[PDB]
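Take a look at this single chain, the form deposited without the RNA, given in structure tokens.
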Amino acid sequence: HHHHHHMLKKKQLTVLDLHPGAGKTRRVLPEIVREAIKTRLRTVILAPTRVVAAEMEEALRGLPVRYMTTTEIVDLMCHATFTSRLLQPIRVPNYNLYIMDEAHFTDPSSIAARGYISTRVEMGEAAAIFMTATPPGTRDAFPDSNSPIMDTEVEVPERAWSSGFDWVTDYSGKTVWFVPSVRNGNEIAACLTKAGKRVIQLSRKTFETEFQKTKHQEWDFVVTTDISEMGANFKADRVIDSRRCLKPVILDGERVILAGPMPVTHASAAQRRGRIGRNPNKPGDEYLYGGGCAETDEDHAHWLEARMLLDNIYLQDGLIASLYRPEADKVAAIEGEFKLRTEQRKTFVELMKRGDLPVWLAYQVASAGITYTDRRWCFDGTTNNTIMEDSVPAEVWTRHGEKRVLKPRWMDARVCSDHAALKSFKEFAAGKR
């Protein structure tokens, strides 16, 4: 009940960079929405995840918002839903105001959304507010917090241990642990469970369902990938941060491998640490971090994947949206080089949305003129593209009634990097998803 005016203006992009936990999502977003409704500004609110969309729903109770997730001149949807609708024939309104929460998110749909939105603003067609404690390029891993944090550099294990890490388990509070990969998290979770700890595991595939268990069940550790690192409210006392992640890298323009683990950005480290120190009544939450940060993330496939999406979004005849200016030097590409014709673009969209294929892999298949249900390409690659299950070639019973080795024409290590990913890709290859 302490509303502040936002004298909003078209032709302007505002970066709202209040520190983690300052109340961007819970306090400032509702103020902006009130001003938007009053002034009849057609507005979209963009959430990075269904979890943040749920936290926005709570904060926006009483305000007329159309939720396009799970009279009303404000719409709310996920970053990925916005970008997917921009690729499709579907009528996406020409919003007067774009509000992007967690505007640092580096998933390709989020990078593409920022490029589209910043281009609309540069063209003088709209206003935008990018809400993030860690705008692109930030070199500050230790921003302000609601409560003092104890920051300690330690050796953080990335494997099961039988000695040398007593501080991990001799701790009676709640810990969020950022691991380099789903498989490393599996191994750490099993070590913690053997030591008598109650562990919840989060990844992109499982976040939207498993996060609810953090609100509803008792737990000692959340073992999570980077999906959890922003806009997640955990009731935690300690973060353990590997400060490292596997990175998908395009090798020789022909395949995607998972490289590293490699250091995270200062933005990622700040958001991970920012999960604690959020309660002003609870000083001395701990952030225990396992190494340094780096801004050398140009090898990450997500920058080129963002160009693949942007090249396929219509703005105006002959105009392709640029990446948001501070991100524009992340990728060597020719503007438009990934533009697909109408039917190939529909296949591209369906492979990402219904197929759950990575952007790069969906683009290879769609650009080859393959239709969505034609899975021959899953079996006709070179022998070095053979996918392995328990150190033996993975086998699929195909729609054509043959037992065939999984051997895709284009290899993207993201489809087979963990048991759940491979299970899903095997079903996809069988025409059974």
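Each residue number is its position in the shown sequence, starting from 1. If you superpose the two forms and keep the largest set of C-alpha atoms that fall within 1.5 Å, you have the rigid core.
A second form of this protein, the form deposited with the RNA bound, is not displayed here; the remarks below concern that form.
Checking 80-88, 317-325, 263-271, 279-287 against the RNA in the bound PDB entry, the stretch whose residues place heavy atoms within 4.5 Å of it is 80-88. In the bound PDB entry, the RNA sits beyond 4.5 Å of every heavy atom of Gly115. A residue is said to contact a partner when one of its heavy atoms sits within 4.5 Å of a partner heavy atom; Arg204 meets this definition for the RNA in the bound PDB entry. Contact check for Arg183: a non-hydrogen atom falls within 4.5 Å of the RNA in the bound PDB entry. The shortest heavy atom separation between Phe105 and the RNA in the bound PDB entry is within 4.5 Å. Site annotation in the bound PDB entry: the residue of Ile227, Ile250, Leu304, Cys293 reaching within 4.5 Å of the RNA with a heavy atom is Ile227. Contact with the RNA in the bound PDB entry, defined as a heavy atom within 4.5 Å, holds for exactly one of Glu337, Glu72, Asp140, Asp356, namely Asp356. Each of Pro48, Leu258 and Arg414 is positioned with at least one heavy atom within 4.5 Å of the RNA in the bound PDB entry. Large C-alpha shift between the shown form and the other one, rigid core held fixed: of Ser203, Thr119, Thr106, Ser84, this applies to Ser203 alone, with a displacement of 2 Å or more. Taking 2 Å as the criterion, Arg278 counts as shifted between the shown form and the other one: its C-alpha moves by at least this amount when the rigid core is aligned. When two forms of a protein are overlaid on their rigid core, residues whose CA moves 2 Å or more are considered shifted, and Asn312 is not one of them between the shown form and the other one. The two forms, fitted on the rigid core, differ between the shown form and the other one by less than 2 Å at the CA of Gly336.
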